[PDB]
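[1] just dropping in an experimental structure and the matching sequence.
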Amino acid sequence: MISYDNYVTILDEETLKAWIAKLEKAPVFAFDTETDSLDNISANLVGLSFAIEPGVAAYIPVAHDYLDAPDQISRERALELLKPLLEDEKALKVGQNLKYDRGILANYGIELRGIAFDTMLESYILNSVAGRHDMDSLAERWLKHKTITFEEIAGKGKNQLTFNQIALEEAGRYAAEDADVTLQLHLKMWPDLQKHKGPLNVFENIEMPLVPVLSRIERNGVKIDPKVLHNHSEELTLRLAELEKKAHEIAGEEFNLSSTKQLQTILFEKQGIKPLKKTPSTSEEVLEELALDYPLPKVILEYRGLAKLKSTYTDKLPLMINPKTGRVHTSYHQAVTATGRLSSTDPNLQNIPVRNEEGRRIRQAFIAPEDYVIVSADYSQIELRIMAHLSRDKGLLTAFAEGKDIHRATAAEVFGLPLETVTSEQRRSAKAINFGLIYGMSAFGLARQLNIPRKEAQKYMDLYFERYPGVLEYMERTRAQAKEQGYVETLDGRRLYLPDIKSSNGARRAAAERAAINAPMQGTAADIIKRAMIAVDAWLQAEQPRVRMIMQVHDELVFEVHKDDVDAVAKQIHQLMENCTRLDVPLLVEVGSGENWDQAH
Ligand SMILES: [Zn+2]
């Protein structure tokens with residue numbers, strides 16, 4: 001148990017100063033902030049904790065205000081004394097999710113520098129799939145130590161306390177332990193992170209430098225117009241009512257729009273093969289087949305999609321506007337995906353329909369402030385260009401080299417016809433093949449996406465490998481080393497460990513073999529995107545132009561640029577993204593602008 005004897009609670013300047021002096025001569029020190037909220041932009045600093053050595057840590061309360069709380073160094077005095085150390089790039093800090101901390105300090109005009117180690121990221125790079133990368137999971141895995149939980153000091157449910165209401169010493173136990181455990185975790189993981197120059201490279205030049213740029217992107221937020229969203233909601237209520245009527249009218253009586261309950265009894269009872277359509281889904285969608293002739297499945301389909309969209313973005317988004325900035329602040333997660341791509345929540349920007357009109361209207365609500373424009377910079381099929389390189393295929397490499405549509409180029413070879421004559425159906429077939437290879441899909445899988453018979457799909461795949469031999473050789477070689485070493489790598493050294501690579505279980509080893517082929521391309525795209533963000537952010541920080549990087553979704557970076565600077569800025573973003581990342585993969589950045597994200601997109 002952690003008691004009040006473990007860590008000191010600093011309540012006077014003289015003592016704070018004695019610690020600042022020791023901190024100033026330490027090789028590295030753990031740092032942590034405690035606040036009255038999870039919302040970064042509006043949270044208030046309540047206290048700070050440091051750890052100079054395992055077992056030697058302190059908690060400095062500055063804003064606890066429960067009834068009769070003892071005197072504390074003021075938030076302002078503590079920060080002016082701590083500011084020099086915190087802003088000194090030479091004073092190296094360790095922490096668990098330093099992104100949060102860097103931002104809190106920014107609420108006071110302090111730029112945390114020396115952001116050298118983040119134990120969450122050390123863990124993530126050591127093995128992204130070892131398990132959760134939060135401090136409590138980490139402490140238990142590497143230290144066989146269970147940490148004091150927030151719920152243990154604050155309580156649960158609606159009556160949970162906010163940090164400023166917790167007694168000084170209890171808050172101390174929690175806060176000082178964080179700092180202490182964090183430093184211990186670093187001492188155990190940092191040495192390990194050196195057994196290999198690949199992960200070390202990614203951790204050092206990709207992951208750590210990205211910490212402060214994500215903080216800045218998140219705190220910038222994005223301007224969302226709530227009127228547009230509201231009218232879209234009202235219209236969707238009318239449209240959903242209308243569709244409900246159109247459905248009742250196509251059949252007879254009233255009924256819910258749920259399959260395997262009300263639909264199979266109507267749809268199949270009036271002709272159609274018995275199997276219902278599961279919302280599995282993108283592999284055999286019963287309702288959409290019928291759609292080509294049967295009108296009911298069509299309106300039920302278009303109904304559900306609209307209902308999901310309304311409650312997920314039309315009704316939720318306006319509620320996400322922060323009263324303090326008047327903008328929305330999405331959460332980017334840097335240590336969650338297995339391949340290294342950034343994920344996103346509240347809102348999850350990647351789930352906004354891309355090829356659909358309603359998705360387009362959602363994006364029309366992401367607007368640029370007065371005298372500014374939204375700019376979208378996209379890496380054209382970066383994953384496919386990465387495959388051309390990894391397969392050393394002169395065919396693909398040349399297609400990209402001369403600017404041809406790889407899907408039409410691919411079709412012209414697989415079907416053997418001039419590029420000008422390739423039809424829309426042939427382009428659609430080549431495209432399914434191409435993107436199917438990335439996700440390592442089976443000839444049968446391809447068939448299920450192309451709506452053609454088995455072995456006909458096999459026919460297309462054999463023709464492809466004959467024309468593009470380098471891709472089969474890459475695929476075989478990759479599944480090989482995957483079994484030889486138990487993991488695959490990205491161009492920068494990032495690793496995805498594949499434990500079921502020999503699973504014996506068919507399905508699991510199947511998944512592990514698809515992952516083997518895929519991860520290197522997706523992880524590499526991820527690494528390129530992060531390097532571009534770091535690069536563009538560095539220019540932004542150095543030159544201070546009239547632009548803000550507000551979003552990162554899929555393979556695009558979105559900015560707010562002053563209307564009178566768009567041309568020079570576009571030239572610059574463009575050169576940085578395709579000339580300041582990797583010079584080996586043939587990259588192309590499509591830059592576009594408009595009044596909203598939909599127009600620039
Ligand atoms: Zn904490």
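    Good, I have the coordinates. Numbering: from 1, shown residues only.
[2] other SSEs contacting the strand or helix carrying residue 174?
    Mapping residue 174 onto the secondary structure by DSSP states H and E places it in helix 168-192. With contacts defined as 3 or more C-beta pairs under 8 Å, 6 or more residues apart in numbering; DSSP states H and E, helix 168-192 has these neighbours: strand 8-9, strand 29-35, strand 45-53, strand 56-61, strand 93-95, helix 119-126, helix 135-142, helix 150-154. For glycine as for every other residue, the C-beta is placed from the backbone atoms N, C-alpha and C.
[3] does residue 50 really touch residue 33, like I thought?
    No - using C-beta atoms under 8 Å, residue 50 makes no contact with residue 33, being 10.5 Å away.
[4] ok, back up a step: redo the helices and strands packed on helix 168-192 as JSON lines? Include mean neighbour count.
    Supplementary listing: these in JSON lines, determined by neighbours: other C-beta atoms under 10 Å:
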{"stretch": "strand 8-9", "mean neighbour count": "18"}
{"stretch": "strand 29-35", "mean neighbour count": "25"}
{"stretch": "strand 45-53", "mean neighbour count": "24"}
{"stretch": "strand 56-61", "mean neighbour count": "24"}
{"stretch": "strand 93-95", "mean neighbour count": "26"}
{"stretch": "helix 119-126", "mean neighbour count": "24"}
{"stretch": "helix 135-142", "mean neighbour count": "18"}
{"stretch": "helix 150-154", "mean neighbour count": "14"}
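[5] select, out of the ones you listed, the one closest to residue 474.
    helix 119-126 (24.9 Å; C-beta to C-beta).
[6] just want the angle from that closest one to strand 29-35.
    Going by axes from the mean of the first three to the mean of the last three C-alpha atoms, to 10 degrees, helix 119-126 is angled at 120 degrees with respect to strand 29-35.
[7] need the residue closest to the centroid of the chain.
    Closest to where the C-alpha atoms of the chain average out (C-alpha atoms, centre = their mean) is residue 343, at 1.7 Å.
[8] surely it meets residue 335?
    No - assessed by C-beta under 8 Å, residue 343 is found out of contact with residue 335, at 9.4 Å.
[9] now the helix holding residue 174: buried residues?
    168, 170-186, 189-190 (16 or more other C-beta atoms under 10 Å).
[10] again with stretch 491-510
    Using 16+ other C-beta under 10 Å as the burial criterion, the residues of stretch 491-510 that qualify are 491-498, 501.
[11] per-domain residue ranges of the chain.
    Under the assignment curated CATH domains, the domains of the chain span 3-219, 220-331, 332-381+526-600, 382-525.
[12] so residue 161, which of the three states?
    Following DSSP: H, G, I helix; E, B strand; the rest coil, the label given to residue 161 is coil.
[13] tally of neighbours for it?
    Counted with other C-beta atoms under 10 Å, residues neighbouring residue 161 total 16.
[14] how about the contacts made by the nearest residue to it once chain neighbours are set aside?
    Distances taken as C-beta to C-beta, 6 or more residues apart in numbering put residue 154 closest to residue 161, at 4.6 Å, once the chain neighbours are dropped. Residues in contact with residue 154 (C-beta atoms under 8 Å, 6 or more residues apart in numbering) are 160-163, 166.
[15] check residue 445 too.
    Residues near residue 445 by C-beta under 8 Å, 6+ apart: 283, 436.
[16] next helix or strand past whatever helix or strand it lives in?
    Assigning secondary structure by DSSP H and E places residue 445 in helix 443-450. Stepping forward along the backbone from helix 443-450, the first helix or strand reached (DSSP H and E) is helix 457-467.
[17] who are the packing partners of that next one?
    Applying 3+ C-beta pairs under 8 Å, 6+ apart, one finds that helix 457-467 contacts helix 406-414, helix 424-438, helix 443-450, helix 469-485.
[18] residues in contact with the host helix or strand of residue 591: which ones?
    Assessed by DSSP H and E, residue 591 sits inside strand 589-594. If you take C-beta under 8 Å, 6+ apart as the criterion, strand 589-594 is touched by 373-380, 561, 566, 570, 573-574, 577-578, 599-601.
[19] show me what counts as buried in it.
    Judged by neighbour count using 16+ other C-beta under 10 Å, the buried positions of strand 589-594 are 589, 591, 593-594.
[20] quick check, nearest of these to residue 290?
    Comparing these against residue 290 with C-beta to C-beta places residue 594 closest, at 37.7 Å.
[21] from residue 466, how far out is the closest one?
    With the distance defined as C-beta to C-beta, to the nearest Å, residue 594 ends up 44 Å from residue 466.
[22] swap in residue 264?
    Distance, residue 264 to residue 466, by C-beta to C-beta: 45 Å.
[23] quick check: which of the helices and strands packed on helix 457-467 is nearest to residue 214?
    Minimum separation from residue 214 across the helices and strands packed on helix 457-467 (C-beta to C-beta) falls at helix 424-438, 26.1 Å.
[24] contacts only, for the residue nearest to residue 237 when sequence neighbours are not counted.
    Of all residues not flanking residue 237 in the chain, residue 310 sits nearest, at 7.6 Å (C-beta to C-beta, 6+ apart). Contacts for residue 310 (C-beta under 8 Å, 6+ apart) come out as 232-233, 236-237, 240.
[25] of these, keep whichever come out buried.
    232-233, 236, 240.
[26] name the nearest of these relative to residue 366.
    Proximity of those to residue 366 (C-beta to C-beta) peaks at residue 232, which lies at 12.8 Å.
[27] just confirm the closest one is within a helix.
    Yes - looking at residue 232 with three-state DSSP, it is inside a helix.
[28] against residue 314, how distant is it?
    From residue 232 across to residue 314, the span is 5 Å (C-beta to C-beta).
[29] shared neighbours, those two?
    Common neighbours of residue 232 and residue 314, counting by C-beta under 8 Å, 6+ apart, are residue 362.
[30] Three-state assignment for residue 116, please.
    strand.
[31] so it versus residue 537, what's the distance?
    Taking C-beta to C-beta, one finds residue 116 at 18 Å from residue 537.
[32] just residue 415 next, same as before
    44 Å.
[33] please apply the same query to residue 124.
    In terms of C-beta to C-beta, residue 124 sits 20 Å off from residue 537.
[34] what's the angle from the lengthiest helix in the chain to helix 469-485?
    The helix that spans the most residues within the chain, counting by DSSP state H, is helix 506-543. Angle of helix 506-543 versus helix 469-485, following the same axes, to 10 degrees, is 100 degrees.
[35] next, the angle from helix 506-543 to helix 443-450.
    Using the same axes, to 10 degrees, helix 506-543 lies at 60 degrees relative to helix 443-450.
[36] what lines up beside the following helix or strand past helix 506-543 in the sheet?
    Once the chain leaves helix 506-543, the next helix or strand it forms, by DSSP H and E, is strand 547-553. Sheet pairing of strand 547-553 (DSSP bridges) gives strand 556-562 (antiparallel).
[37] thanks a lot, see you next time.
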